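This structure is in structure tokens; I'll ask about it shortly.
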Protein chains: 2
Amino acid sequence: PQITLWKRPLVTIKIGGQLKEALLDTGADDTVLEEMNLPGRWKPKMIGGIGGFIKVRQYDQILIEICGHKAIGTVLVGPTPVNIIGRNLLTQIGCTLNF
Amino acid sequence: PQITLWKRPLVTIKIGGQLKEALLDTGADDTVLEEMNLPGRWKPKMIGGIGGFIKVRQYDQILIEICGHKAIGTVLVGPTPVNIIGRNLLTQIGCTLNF
Ligand SMILES: Cc1cccc(C)c1OCC(=O)N[C@@H](Cc1ccccc1)[C@@H](O)C[C@H](Cc1ccccc1)NC(=O)O[C@H]1CO[C@H]2OCC[C@H]21
């Protein structure tokens with residue numbers, strides 16, 4: 001669909017069989033989700049934004065459904081105040097910015 | 001234009017008569033700019049991000065040109081690592097997400 005930016009671009013995602021709200025965020029290089037249980041081996045990582053950094057866990061080749069579009073890629077899990085779908089998965093579902 | 005997300009969506013903006021690099025960021029409610037000399041009245045304000053909060057200077061009705069399209073709205077200046085153009089101005093240049 002076509003998403004306007006008058007409100008926050010919140011969408012429904014499906015990950016590990018659970019449904020959640022996430023923000024589609026062109027300013028995020030990677031996808032970061034509120035704390036959750038994910039399968040697989042994982043590596044530590046720090047992501048930085050306004051105000052500093054947070055320590056997160058990097059899971060690889062994770063399946064995630066974003067408004068019906070399937071994606072499989074890196075998903076970070078950590079103390080983010082908001083679920084963010086970043087450019088690594090936005091490119092997979094074919095998303096572009098247009099003005 | 002149509003902007004893909006394989007790389008960071010960096011664009012050139014014109015503000016206060018100066019040209020700068022900024023990130024188009026659908027994940028940001030507001031526009032936050034690197035520390036810079038801008039004339040006019042401003043009010044102090046606190047904004048929150050992924051790593052915590054920062055004190056910023058809130059300028060109101062500041063004119064800003066982004067790839068030729070004009071926008072006027074609130075512009076915060078503060079210790080952000082990167083210039084971010086938020087939804088407050090993205091909507092004015094008529095920007096949307098499409099997948
Ligand atoms: C996730 C990730 C992984 C790997 C690399 C990077 C850079 C990543 O992105 C991190 C990241 O913070 N990006 C941001 C942009 C950026 C990029 C580079 C360095 C600094 C900031 C942004 O786009 C997402 C952020 C999410 C959010 C945080 C707290 C509350 C609500 C939403 N919004 C944001 O702080 O907005 C500000 C401004 O306006 C206000 O509205 C709402 C919040 C206020």
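Within every chain, numbering begins at 1; the chains are lettered A, B, ... in the order of the sequence lines, protein sequences first and strands thereafter.
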Q) Does B/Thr26 use its side chain to pair, donor to acceptor, with the backbone of A/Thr26 at less than 3.5 Å? A)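 Looks like yes, one N/O pair under 3.5 Å.
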**Q.** Any side-chain heavy-atom pair of A/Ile50 and B/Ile84 under 4.5 Å
**A.**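 Answer yes - side chains close enough.
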Q) Who are the side-chain contact (heavy atoms from CB on, under 4.5 Å) partners of A/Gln61, not counting sequence neighbours? A)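 side-chain contact (heavy atoms from CB on, under 4.5 Å) check on A/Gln61 returns A/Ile72.
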Q) Do you know which two heavy atoms are closest between A/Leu24 and B/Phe99, and how far apart they sit? A)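 Smallest interatomic distance, heavy atoms only, reads CD1-CE2, 3.7 Å.
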Q) Mind checking whether B/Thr96 and A/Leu5 have side chains closer than 4.5 Å, heavy atoms only? A)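 Sidechains of A/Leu5 and B/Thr96: no contact.
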Q: Take A/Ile3 and B/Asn98, measure what side chain to side chain contact (heavy atoms under 4.5 Å, CB included) needs, and give me the verdict at the end.
A: CA-CA 6 Å; A/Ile3 299 187; B/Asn98 301 93; over 6 Å; no
Q. Please, which pairs that meet ring-ring contact (aromatic ring centres under 6.0 Å, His included) have at least one residue in residues 71-93 of chain A, sequence neighbours excluded?
A.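 For residues 71-93 of chain A: none.
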Q: State, to 0.1 Å, how close A/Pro81 and B/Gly49 come at their nearest heavy-atom pair, and which atoms those are.
A: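 Shortest heavy-atom separation between A/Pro81 and B/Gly49 comes out as CG-O, 4.2 Å.
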Q: Using a strict 4.0 Å threshold on nitrogen-to-oxygen distance, state whether B/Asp29 and A/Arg8 make a salt bridge.
A: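 Yes.
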